[PDB]
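In what follows, a single structure is set out as structure tokens and then discussed.
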Amino acid sequence: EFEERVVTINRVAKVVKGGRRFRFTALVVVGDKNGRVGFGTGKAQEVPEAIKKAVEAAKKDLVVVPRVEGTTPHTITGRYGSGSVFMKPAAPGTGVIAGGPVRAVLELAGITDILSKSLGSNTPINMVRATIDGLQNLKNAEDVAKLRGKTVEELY
Amino acid sequence: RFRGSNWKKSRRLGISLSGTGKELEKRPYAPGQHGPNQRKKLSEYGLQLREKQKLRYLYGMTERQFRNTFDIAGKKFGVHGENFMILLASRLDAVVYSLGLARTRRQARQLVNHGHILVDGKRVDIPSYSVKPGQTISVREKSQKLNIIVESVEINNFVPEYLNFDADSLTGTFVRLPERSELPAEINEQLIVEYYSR
Amino acid sequence: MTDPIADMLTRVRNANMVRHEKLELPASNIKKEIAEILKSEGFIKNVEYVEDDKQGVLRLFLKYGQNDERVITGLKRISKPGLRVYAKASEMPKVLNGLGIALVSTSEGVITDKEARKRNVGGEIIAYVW
RNA sequence: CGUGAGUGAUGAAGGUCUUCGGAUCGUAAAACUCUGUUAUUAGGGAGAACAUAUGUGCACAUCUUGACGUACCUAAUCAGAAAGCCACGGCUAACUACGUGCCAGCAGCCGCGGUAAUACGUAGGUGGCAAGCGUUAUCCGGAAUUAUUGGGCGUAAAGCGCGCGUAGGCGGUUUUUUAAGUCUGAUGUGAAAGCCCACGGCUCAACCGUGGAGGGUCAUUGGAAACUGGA
């Protein structure tokens with residue numbers, strides 16, 4: 001019903017009074033299995049109760065990503081923090097591979113025609129923030145038609 | 001042309017389509033160095049480069065030697081996105097992968113001498129043959145019955161479209177028009193239709 | 001007046017944000033069909049006829065939904081004084097293949113973009129007030 | 001064409017890491033068959049195309065050539081060898097044992113050297129790519145970075161302390177003008193180591209006709225004034 005992508009569970013070796021406190025920050029993408037990105041981080045002792053903790057406290061950070069005719073409406077970027085991304089269009093009837101950054105952004109948008117792009121670095125805390133920067137800065141067909149305030153077939 | 005192991009094509013790439021079982025006795029996890037770790041997510045330009053490297057082990061002609069292949073899958077008019085799977089099946093490996101001579105593409109490129117080659121007249125010992133409506137990729141007079149040409153004559157029953165093959169003949173001369181969706185679909189189309197353009 | 005549609009662009013846009021049914025755009029000699037060029041579709045809804053005296057003021061008569069839904073998501077300026085955006089036989093744009101009407105005026109006065117490619121001309125639509 | 005496996009014995013005689021646990025450099029492999037695509041002599045043979053009794057209005061007759069003369073190739077089917085160098089903890093697809101131990105190496109980014117540097121040097125190697133590989137000076141991916149799409153008028157990349165003055169850069173004046181103007185008009189031409197809509201073959205290379213098509217034309221007002229700075 002909901003494509004939840006739990007990337008990893010960052011641990012911490014707290015060097016406080018206690019011998020060695022264990023704090024697992026379960027990282028899970030809050031995707032709605034449609035086209036939204038979704039990102040939430042927990043801090044509970046139980047990963048299962050921590051993964052849903054960030055899914056019930058952070059589920060409004062997603063963005064609606066529409067599709068034209070099976071191809072990305074506009075090749076957007078991502079200038080938020082170090083890690084960056086890029087939207088590359090492909091044919092509707094295609095697929096994705098492995099080797100690079102995060103995979104829970106274009107995989108949520110069941111279309112198999114978008115290539116997930118994010119160089120920046122490996123840090124998965126400032127690389128997903130740039131993906132939502134471009135997703136919210138995406139240009140739609142009518143979205144840009146209102147900008148001019150004329151016809152949809154008069155701005156292409 | 002690669003002069004290396006033909007078992008790393010289903011490990012470094014994400015679209016091999018050259019053998020049925022390969023990860024049965026191997027380890028289908030991630031890469032090599034961090035094979036016991038998690039996998040990654042192909043980058044925008046990386047996915048188009050991964051497919052190129054994936055087809056680099058599949059297609060005999062590598063970078064610069066497959067000029068025509070890439071030139072026929074770009075400037076050529078028509079579905080540019082699916083032009084990499086449409087105008088790219090004009091090699092000599094397709095005839096061996098439709099009649100029943102070689103199950104692989106690398107072995108199909110070396111099957112232009114041991115197997116059927118005489119395409120109704122002038123033959124060709126290259127990885128691509130000019131098989132058009134009128135060419136019958138068959139064998140020679142002395143090499144009429146070969147061992148690699150008549151190997152899986154009964155083992156390979158099901159044949160592909162736009163191809164012909166019979167007993168003691170294996171001469172392909174059916175339809176010249178092929179399908180642009182009659183090949184594996186794991187790589188992007190518009191991605192390679194734009195990246196190549198540059 | 002330094003800019004012809006100076007207040008015009010700062011009226012409808014502001015009236016489409018604060019939900020202003022009736023608008024008060026300073027009417028001029030060319031500020032009539034330029035502020036009502038989308039009267040064919042429904043972007044700027046429609047109006048009866050510019051009624052005033054020697055460039056006084058013209059309304060836009062904007063309409064919204066039940067919970068005040070604006071069809072236009074902010075209007076920006078494109079074809080202004082100085083530069084000229086004349087679309088000849090170079091390349092006509094397309095998005096949804098026919099929907100509303102834009103700025104394509106030649107020798108037929110105010111026409112739609114449906115036959116824009118047929119005429120192969122791209123000018124600015126204008127009209128006098130009363 | 002590119003240099004041998006149709007076949008194929010843990011494919012070893014014992015080593016590659018070996019706490020030996022197995023796999024294997026190892027469906028490497030024997031020793032042949034196989035694979036033809038190496039010789040053995042060979043005789044070989046387009047820019048530029050019409051002629052020379054005296055019988056012939058930009059048409060042409062007895063009689064006018066060689067500085068040569070072994071692509072793709074299924075064929076004789078002798079056996080003529082794709083190695084390599086680089087990162088290897090990596091960044092960035094990549095390693096095991098020894099030897100080193102701020103001695104030396106490594107050494108773009110990282111850094112690794114004062115002890116357990118598989119980062120060092122040898123051996124077994126591994127990722128890459130392609131008859132090779134590391135190097136030096138030369139455009140652009142890198143990224144807009146005198147901002148032009150690609151700069152502020154405050155910390156950032158930004159307070160002329162200069163309070164008094166026209167650099168013509170530029171700062172409502174109603175109406176109002178004789179036509180600065182937006183889209184029509186001579187079109188024949190419309191050619192082009194030009195992206196020619198096709199057009200020719202040299203397998204891996206240089207084998208070139210299409211001026212109307214063909215855009216890369218060479219109808220865009222003479223013109224419809226209530227209007228940047230100046231009323």
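In the structure tokens, the first chain shown is A, the next is B, and so on; residue numbers restart at 1 for each chain, and ligands run from 1 in the order shown.
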
Write down, as a ChimeraX atom specification, each residue of chain A that has any atom within 9 Å of an atom of chain B, counting only C-alpha atoms. /A:71,85-104,112-119

Backbone-only DSSP, helix (DSSP H, G or I) members of chain A, as a PDB file with N, CA and C atoms, in the first residue's frame:
```
ATOM      1  N   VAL A  47      14.250   0.020  16.185  1.00  0.00           N
ATOM      2  CA  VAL A  47      14.245   0.491  14.767  1.00  0.00           C
ATOM      3  C   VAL A  47      12.810   0.455  14.227  1.00  0.00           C
ATOM      4  N   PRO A  48      12.071  -0.670  14.359  1.00  0.00           N
ATOM      5  CA  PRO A  48      10.697  -0.766  13.854  1.00  0.00           C
ATOM      6  C   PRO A  48       9.794   0.354  14.394  1.00  0.00           C
ATOM      7  N   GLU A  49       9.924   0.671  15.686  1.00  0.00           N
ATOM      8  CA  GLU A  49       9.105   1.739  16.321  1.00  0.00           C
ATOM      9  C   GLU A  49       9.700   3.109  15.973  1.00  0.00           C
ATOM     10  N   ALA A  50      10.959   3.131  15.522  1.00  0.00           N
ATOM     11  CA  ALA A  50      11.642   4.395  15.159  1.00  0.00           C
ATOM     12  C   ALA A  50      11.406   4.708  13.677  1.00  0.00           C
ATOM     13  N   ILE A  51      11.321   3.669  12.840  1.00  0.00           N
ATOM     14  CA  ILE A  51      11.093   3.851  11.375  1.00  0.00           C
ATOM     15  C   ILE A  51       9.701   4.455  11.162  1.00  0.00           C
ATOM     16  N   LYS A  52       8.701   3.953  11.893  1.00  0.00           N
ATOM     17  CA  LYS A  52       7.306   4.459  11.779  1.00  0.00           C
ATOM     18  C   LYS A  52       7.197   5.800  12.514  1.00  0.00           C
ATOM     19  N   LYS A  53       8.075   6.025  13.497  1.00  0.00           N
ATOM     20  CA  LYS A  53       8.078   7.285  14.289  1.00  0.00           C
ATOM     21  C   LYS A  53       8.284   8.476  13.347  1.00  0.00           C
ATOM     22  N   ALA A  54       9.226   8.353  12.406  1.00  0.00           N
ATOM     23  CA  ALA A  54       9.529   9.439  11.442  1.00  0.00           C
ATOM     24  C   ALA A  54       8.534   9.400  10.277  1.00  0.00           C
ATOM     25  N   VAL A  55       7.795   8.295  10.138  1.00  0.00           N
ATOM     26  CA  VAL A  55       6.797   8.150   9.035  1.00  0.00           C
ATOM     27  C   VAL A  55       5.466   8.764   9.482  1.00  0.00           C
ATOM     28  N   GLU A  56       5.279   8.925  10.796  1.00  0.00           N
ATOM     29  CA  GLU A  56       4.025   9.506  11.348  1.00  0.00           C
ATOM     30  C   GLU A  56       4.290  10.945  11.807  1.00  0.00           C
ATOM     31  N   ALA A  57       5.564  11.344  11.864  1.00  0.00           N
ATOM     32  CA  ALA A  57       5.938  12.714  12.290  1.00  0.00           C
ATOM     33  C   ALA A  57       6.422  13.516  11.077  1.00  0.00           C
ATOM     34  N   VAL A 128      19.488  14.209  -0.178  1.00  0.00           N
ATOM     35  CA  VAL A 128      18.030  13.987  -0.414  1.00  0.00           C
ATOM     36  C   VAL A 128      17.298  15.327  -0.280  1.00  0.00           C
ATOM     37  N   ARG A 129      17.928  16.301   0.383  1.00  0.00           N
ATOM     38  CA  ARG A 129      17.316  17.645   0.573  1.00  0.00           C
ATOM     39  C   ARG A 129      17.389  18.421  -0.747  1.00  0.00           C
ATOM     40  N   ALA A 130      18.374  18.094  -1.590  1.00  0.00           N
ATOM     41  CA  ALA A 130      18.542  18.763  -2.901  1.00  0.00           C
ATOM     42  C   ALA A 130      17.568  18.143  -3.909  1.00  0.00           C
ATOM     43  N   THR A 131      17.189  16.881  -3.682  1.00  0.00           N
ATOM     44  CA  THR A 131      16.247  16.162  -4.581  1.00  0.00           C
ATOM     45  C   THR A 131      14.852  16.786  -4.454  1.00  0.00           C
ATOM     46  N   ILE A 132      14.488  17.224  -3.244  1.00  0.00           N
ATOM     47  CA  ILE A 132      13.156  17.857  -3.000  1.00  0.00           C
ATOM     48  C   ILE A 132      13.214  19.317  -3.465  1.00  0.00           C
ATOM     49  N   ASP A 133      14.423  19.879  -3.559  1.00  0.00           N
ATOM     50  CA  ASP A 133      14.607  21.285  -4.013  1.00  0.00           C
ATOM     51  C   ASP A 133      14.289  21.362  -5.511  1.00  0.00           C
ATOM     52  N   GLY A 134      14.694  20.342  -6.272  1.00  0.00           N
ATOM     53  CA  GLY A 134      14.424  20.304  -7.720  1.00  0.00           C
ATOM     54  C   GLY A 134      13.025  19.787  -8.002  1.00  0.00           C
ATOM     55  N   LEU A 135      12.552  18.844  -7.180  1.00  0.00           N
ATOM     56  CA  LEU A 135      11.195  18.259  -7.355  1.00  0.00           C
ATOM     57  C   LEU A 135      10.148  19.362  -7.163  1.00  0.00           C
ATOM     58  N   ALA A 141       3.429  21.198 -17.502  1.00  0.00           N
ATOM     59  CA  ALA A 141       2.907  21.684 -18.800  1.00  0.00           C
ATOM     60  C   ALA A 141       2.010  22.904 -18.572  1.00  0.00           C
ATOM     61  N   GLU A 142       1.008  22.762 -17.700  1.00  0.00           N
ATOM     62  CA  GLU A 142       0.076  23.879 -17.395  1.00  0.00           C
ATOM     63  C   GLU A 142       0.749  24.839 -16.410  1.00  0.00           C
ATOM     64  N   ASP A 143       1.537  24.299 -15.473  1.00  0.00           N
ATOM     65  CA  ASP A 143       2.234  25.098 -14.429  1.00  0.00           C
ATOM     66  C   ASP A 143       2.964  26.273 -15.092  1.00  0.00           C
ATOM     67  N   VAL A 144       3.645  26.009 -16.213  1.00  0.00           N
ATOM     68  CA  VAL A 144       4.402  27.063 -16.954  1.00  0.00           C
ATOM     69  C   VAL A 144       3.429  27.836 -17.851  1.00  0.00           C
ATOM     70  N   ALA A 145       2.310  27.217 -18.239  1.00  0.00           N
ATOM     71  CA  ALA A 145       1.331  27.910 -19.109  1.00  0.00           C
ATOM     72  C   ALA A 145       0.687  29.069 -18.339  1.00  0.00           C
ATOM     73  N   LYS A 146       0.467  28.891 -17.032  1.00  0.00           N
ATOM     74  CA  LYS A 146      -0.136  29.966 -16.199  1.00  0.00           C
ATOM     75  C   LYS A 146       0.878  31.102 -16.025  1.00  0.00           C
ATOM     76  N   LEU A 147       2.167  30.758 -15.937  1.00  0.00           N
ATOM     77  CA  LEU A 147       3.246  31.770 -15.767  1.00  0.00           C
ATOM     78  C   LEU A 147       3.094  32.855 -16.840  1.00  0.00           C
ATOM     79  N   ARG A 148       2.858  32.456 -18.093  1.00  0.00           N
ATOM     80  CA  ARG A 148       2.695  33.446 -19.192  1.00  0.00           C
ATOM     81  C   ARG A 148       1.252  33.963 -19.202  1.00  0.00           C
ATOM     82  N   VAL A 152      -1.501  26.957 -23.723  1.00  0.00           N
ATOM     83  CA  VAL A 152      -0.525  25.878 -23.380  1.00  0.00           C
ATOM     84  C   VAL A 152       0.373  25.610 -24.593  1.00  0.00           C
ATOM     85  N   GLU A 153      -0.172  25.767 -25.804  1.00  0.00           N
ATOM     86  CA  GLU A 153       0.603  25.536 -27.054  1.00  0.00           C
ATOM     87  C   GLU A 153       1.111  26.878 -27.595  1.00  0.00           C
ATOM     88  N   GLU A 154       1.614  27.741 -26.706  1.00  0.00           N
ATOM     89  CA  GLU A 154       2.148  29.074 -27.096  1.00  0.00           C
ATOM     90  C   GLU A 154       3.438  29.346 -26.313  1.00  0.00           C
TER      91      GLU A 154
END
```

Give the residues of chain C that lie within 7 Å of chain D; count only C-alpha atoms (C1' of nucleotides), and format the answer as a list in words.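 Result, ordered by chain then number: residues 1, 2, 29, 106, 107 and 123 of chain C.
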
N, CA and C atoms of the current selection, written as a short mmCIF file (atom, residue, chain, number, x, y, z; two decimals), in the first residue's frame:
```
data_model
loop_
_atom_site.label_atom_id
_atom_site.label_comp_id
_atom_site.auth_asym_id
_atom_site.auth_seq_id
_atom_site.Cartn_x
_atom_site.Cartn_y
_atom_site.Cartn_z
N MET C 1 2.96 57.72 -18.29
CA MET C 1 3.06 56.24 -18.13
C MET C 1 4.31 55.73 -18.84
N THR C 2 5.24 55.13 -18.09
CA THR C 2 6.50 54.60 -18.67
C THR C 2 6.24 53.21 -19.26
N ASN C 29 -5.08 53.24 -24.62
CA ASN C 29 -5.46 53.23 -26.06
C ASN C 29 -5.21 51.83 -26.63
N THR C 106 -2.06 39.87 -36.51
CA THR C 106 -1.45 40.16 -37.84
C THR C 106 -2.28 41.24 -38.55
N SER C 107 -3.11 40.84 -39.51
CA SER C 107 -3.97 41.79 -40.26
C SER C 107 -5.44 41.39 -40.10
N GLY C 123 2.22 38.15 -33.71
CA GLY C 123 2.32 39.56 -33.27
C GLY C 123 1.66 39.78 -31.92
#
```

With a distance threshold of 12 Å and counting only C-alpha atoms (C1' of nucleotides), extract the residues of chain D near chain B and express them as number ranges by chain. D: 1-2, 6-7, 34-37, 72-75, 82-83, 88-90, 92-95, 126-131, 141, 195, 197, 203-204

Selection near region 12-23 of chain C, 6 Å with only C-alpha atoms (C1' of nucleotides), sequence-local residues under 5 positions removed, as a PDB file with C-alpha atoms, in the first residue's frame:
```pdb
ATOM      1  CA  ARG C  59     -12.368  45.958 -15.416  1.00  0.00           C
ATOM      2  CA  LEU C  60     -11.383  42.255 -15.865  1.00  0.00           C
ATOM      3  CA  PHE C  61     -14.371  40.582 -14.079  1.00  0.00           C
ATOM      4  CA  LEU C  62     -12.366  37.674 -12.540  1.00  0.00           C
ATOM      5  CA  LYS C  63     -14.270  34.529 -11.368  1.00  0.00           C
ATOM      6  CA  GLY C  74       0.417  34.097 -11.140  1.00  0.00           C
ATOM      7  CA  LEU C  75       0.766  36.066 -14.422  1.00  0.00           C
TER       8      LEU C  75
END
```

Determine, using only C-alpha atoms, which residues of chain C have any atom at most 9 Å from an atom of chain A, and tabulate each with its shortest atom pair and distance in Å to one decimal place, rows ordered by chain and then rising number, as JSON lines.
```
{"residue": "C:37", "atom": "CA", "partner": "A:150", "partner_atom": "CA", "distance": 7.8}
{"residue": "C:38", "atom": "CA", "partner": "A:150", "partner_atom": "CA", "distance": 6.3}
{"residue": "C:41", "atom": "CA", "partner": "A:151", "partner_atom": "CA", "distance": 8.7}
{"residue": "C:43", "atom": "CA", "partner": "A:149", "partner_atom": "CA", "distance": 7.1}
{"residue": "C:44", "atom": "CA", "partner": "A:149", "partner_atom": "CA", "distance": 8.5}
{"residue": "C:71", "atom": "CA", "partner": "A:146", "partner_atom": "CA", "distance": 8.1}
{"residue": "C:72", "atom": "CA", "partner": "A:146", "partner_atom": "CA", "distance": 5.3}
{"residue": "C:73", "atom": "CA", "partner": "A:146", "partner_atom": "CA", "distance": 5.5}
{"residue": "C:74", "atom": "CA", "partner": "A:147", "partner_atom": "CA", "distance": 5.9}
{"residue": "C:75", "atom": "CA", "partner": "A:147", "partner_atom": "CA", "distance": 5.1}
{"residue": "C:76", "atom": "CA", "partner": "A:148", "partner_atom": "CA", "distance": 5.6}
{"residue": "C:77", "atom": "CA", "partner": "A:148", "partner_atom": "CA", "distance": 7.0}
{"residue": "C:78", "atom": "CA", "partner": "A:148", "partner_atom": "CA", "distance": 7.0}
{"residue": "C:92", "atom": "CA", "partner": "A:154", "partner_atom": "CA", "distance": 7.3}
{"residue": "C:93", "atom": "CA", "partner": "A:156", "partner_atom": "CA", "distance": 4.0}
{"residue": "C:94", "atom": "CA", "partner": "A:153", "partner_atom": "CA", "distance": 3.5}
{"residue": "C:95", "atom": "CA", "partner": "A:153", "partner_atom": "CA", "distance": 4.5}
{"residue": "C:96", "atom": "CA", "partner": "A:152", "partner_atom": "CA", "distance": 5.7}
{"residue": "C:97", "atom": "CA", "partner": "A:153", "partner_atom": "CA", "distance": 5.6}
{"residue": "C:98", "atom": "CA", "partner": "A:153", "partner_atom": "CA", "distance": 6.2}
{"residue": "C:99", "atom": "CA", "partner": "A:151", "partner_atom": "CA", "distance": 6.4}
{"residue": "C:100", "atom": "CA", "partner": "A:151", "partner_atom": "CA", "distance": 4.7}
{"residue": "C:101", "atom": "CA", "partner": "A:151", "partner_atom": "CA", "distance": 5.4}
{"residue": "C:102", "atom": "CA", "partner": "A:150", "partner_atom": "CA", "distance": 4.5}
{"residue": "C:103", "atom": "CA", "partner": "A:150", "partner_atom": "CA", "distance": 7.2}
{"residue": "C:113", "atom": "CA", "partner": "A:154", "partner_atom": "CA", "distance": 7.5}
```

Considering only C-alpha atoms (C1' of nucleotides), can you say which of A:19, A:44, A:73, A:122 comes closest to chain D? A:122

How would you write, as a JSON list (two decimals) with N, CA, C and O atoms, in the first residue's frame, the set of residues in chain A that DSSP gives as strand (DSSP E or B)?
```json
[["chain", "number", "residue", "atom", "x", "y", "z"],
["A", 4, "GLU", "N", 7.70, 1.97, 1.43],
["A", 4, "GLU", "CA", 8.63, 2.55, 2.44],
["A", 4, "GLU", "C", 10.04, 2.02, 2.16],
["A", 4, "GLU", "O", 10.22, 0.79, 2.21],
["A", 5, "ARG", "N", 10.99, 2.92, 1.89],
["A", 5, "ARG", "CA", 12.38, 2.52, 1.58],
["A", 5, "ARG", "C", 13.30, 2.81, 2.78],
["A", 5, "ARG", "O", 13.72, 3.97, 2.93],
["A", 9, "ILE", "N", 20.35, 2.20, 9.07],
["A", 9, "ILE", "CA", 20.04, 2.57, 10.48],
["A", 9, "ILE", "C", 21.32, 3.10, 11.13],
["A", 9, "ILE", "O", 21.96, 2.34, 11.88],
["A", 10, "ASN", "N", 21.68, 4.36, 10.83],
["A", 10, "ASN", "CA", 22.90, 4.99, 11.38],
["A", 10, "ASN", "C", 22.97, 4.79, 12.90],
["A", 10, "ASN", "O", 21.99, 5.16, 13.59],
["A", 13, "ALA", "N", 28.15, 5.79, 18.75],
["A", 13, "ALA", "CA", 28.90, 5.25, 19.91],
["A", 13, "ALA", "C", 29.00, 6.34, 20.99],
["A", 13, "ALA", "O", 30.12, 6.84, 21.23],
["A", 14, "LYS", "N", 27.86, 6.68, 21.60],
["A", 14, "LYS", "CA", 27.80, 7.73, 22.66],
["A", 14, "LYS", "C", 28.89, 7.47, 23.71],
["A", 14, "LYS", "O", 28.90, 6.36, 24.29],
["A", 21, "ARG", "N", 26.08, 3.76, 25.33],
["A", 21, "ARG", "CA", 24.65, 3.87, 24.94],
["A", 21, "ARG", "C", 24.51, 3.59, 23.44],
["A", 21, "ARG", "O", 25.38, 4.07, 22.68],
["A", 22, "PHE", "N", 23.48, 2.84, 23.05],
["A", 22, "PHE", "CA", 23.26, 2.50, 21.62],
["A", 22, "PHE", "C", 22.01, 3.23, 21.10],
["A", 22, "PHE", "O", 20.89, 2.90, 21.54],
["A", 25, "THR", "N", 19.52, 5.40, 14.58],
["A", 25, "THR", "CA", 18.70, 6.40, 13.85],
["A", 25, "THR", "C", 18.21, 5.78, 12.54],
["A", 25, "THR", "O", 18.71, 6.19, 11.47],
["A", 26, "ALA", "N", 17.26, 4.84, 12.63],
["A", 26, "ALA", "CA", 16.71, 4.16, 11.44],
["A", 26, "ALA", "C", 16.29, 5.18, 10.38],
["A", 26, "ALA", "O", 15.44, 6.04, 10.69],
["A", 27, "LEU", "N", 16.87, 5.09, 9.18],
["A", 27, "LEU", "CA", 16.55, 6.01, 8.06],
["A", 27, "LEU", "C", 15.59, 5.30, 7.09],
["A", 27, "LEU", "O", 15.94, 4.20, 6.61],
["A", 28, "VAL", "N", 14.42, 5.90, 6.84],
["A", 28, "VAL", "CA", 13.41, 5.28, 5.93],
["A", 28, "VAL", "C", 12.76, 6.38, 5.08],
["A", 28, "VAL", "O", 12.40, 7.44, 5.64],
["A", 29, "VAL", "N", 12.62, 6.14, 3.77],
["A", 29, "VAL", "CA", 11.99, 7.12, 2.83],
["A", 29, "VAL", "C", 10.47, 7.04, 3.01],
["A", 29, "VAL", "O", 9.92, 5.93, 2.90],
["A", 30, "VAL", "N", 9.83, 8.18, 3.27],
["A", 30, "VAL", "CA", 8.35, 8.23, 3.47],
["A", 30, "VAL", "C", 7.65, 8.43, 2.12],
["A", 30, "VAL", "O", 6.99, 9.47, 1.95],
["A", 40, "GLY", "N", 12.44, 10.60, 6.23],
["A", 40, "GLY", "CA", 12.27, 10.75, 7.69],
["A", 40, "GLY", "C", 13.33, 9.97, 8.46],
["A", 40, "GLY", "O", 13.68, 8.86, 8.01],
["A", 41, "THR", "N", 13.81, 10.52, 9.57],
["A", 41, "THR", "CA", 14.84, 9.85, 10.40],
["A", 41, "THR", "C", 14.33, 9.69, 11.84],
["A", 41, "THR", "O", 13.76, 10.66, 12.38],
["A", 86, "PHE", "N", 19.81, 15.29, -10.33],
["A", 86, "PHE", "CA", 19.47, 15.74, -11.71],
["A", 86, "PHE", "C", 18.38, 14.83, -12.29],
["A", 86, "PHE", "O", 18.44, 13.60, -12.07],
["A", 87, "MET", "N", 17.41, 15.42, -13.00],
["A", 87, "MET", "CA", 16.29, 14.64, -13.60],
["A", 87, "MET", "C", 16.58, 14.39, -15.09],
["A", 87, "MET", "O", 16.54, 15.37, -15.86],
["A", 88, "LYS", "N", 16.85, 13.14, -15.45],
["A", 88, "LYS", "CA", 17.13, 12.76, -16.87],
["A", 88, "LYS", "C", 15.93, 11.98, -17.42],
["A", 88, "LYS", "O", 15.59, 10.93, -16.84],
["A", 89, "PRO", "N", 15.27, 12.44, -18.51],
["A", 89, "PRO", "CA", 14.12, 11.74, -19.07],
["A", 89, "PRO", "C", 14.53, 10.50, -19.87],
["A", 89, "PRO", "O", 15.62, 10.49, -20.43],
["A", 114, "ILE", "N", 12.68, 7.68, -15.69],
["A", 114, "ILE", "CA", 13.48, 8.77, -15.04],
["A", 114, "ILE", "C", 14.77, 8.17, -14.47],
["A", 114, "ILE", "O", 14.70, 7.07, -13.88],
["A", 115, "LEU", "N", 15.89, 8.87, -14.64],
["A", 115, "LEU", "CA", 17.20, 8.41, -14.12],
["A", 115, "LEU", "C", 17.56, 9.23, -12.87],
["A", 115, "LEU", "O", 17.69, 10.46, -12.99],
["A", 116, "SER", "N", 17.68, 8.57, -11.71],
["A", 116, "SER", "CA", 18.02, 9.28, -10.45],
["A", 116, "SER", "C", 19.46, 9.81, -10.52],
["A", 116, "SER", "O", 20.37, 8.99, -10.71],
["A", 117, "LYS", "N", 19.64, 11.12, -10.35],
["A", 117, "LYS", "CA", 21.00, 11.74, -10.41],
["A", 117, "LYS", "C", 21.29, 12.51, -9.12],
["A", 117, "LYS", "O", 20.44, 13.35, -8.74]]
```

So which residues touch residue 152 (chain B) within 12 Å, counting only C-alpha atoms (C1' of nucleotides), skipping near sequence neighbours fewer than 6 positions away, as a PyMOL selection string? chain B and resi 96-103+115+146+158-159+165-168+170

Gap from CA of residue 2 (chain A) to CA of residue 42 (chain A) - Å, one decimal: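 Distance reported for this atom pair: 18.1 Å.
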
What does the distance from CA of residue 39 (chain A) to CA of residue 82 (chain A) come to in Å, to one decimal?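 Interatomic distance, CA of residue 39 (chain A) to CA of residue 82 (chain A): 16.9 Å.
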
Of the candidates C:42, C:82, C:9, C:121, which one gets nearest to residue 64 (chain C) if we count only C-alpha atoms? C:42

d(CA of residue 24 (chain A), CA of residue 11 (chain A)) in Å: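 CA of residue 11 (chain A) lies 4.5 Å from CA of residue 24 (chain A).
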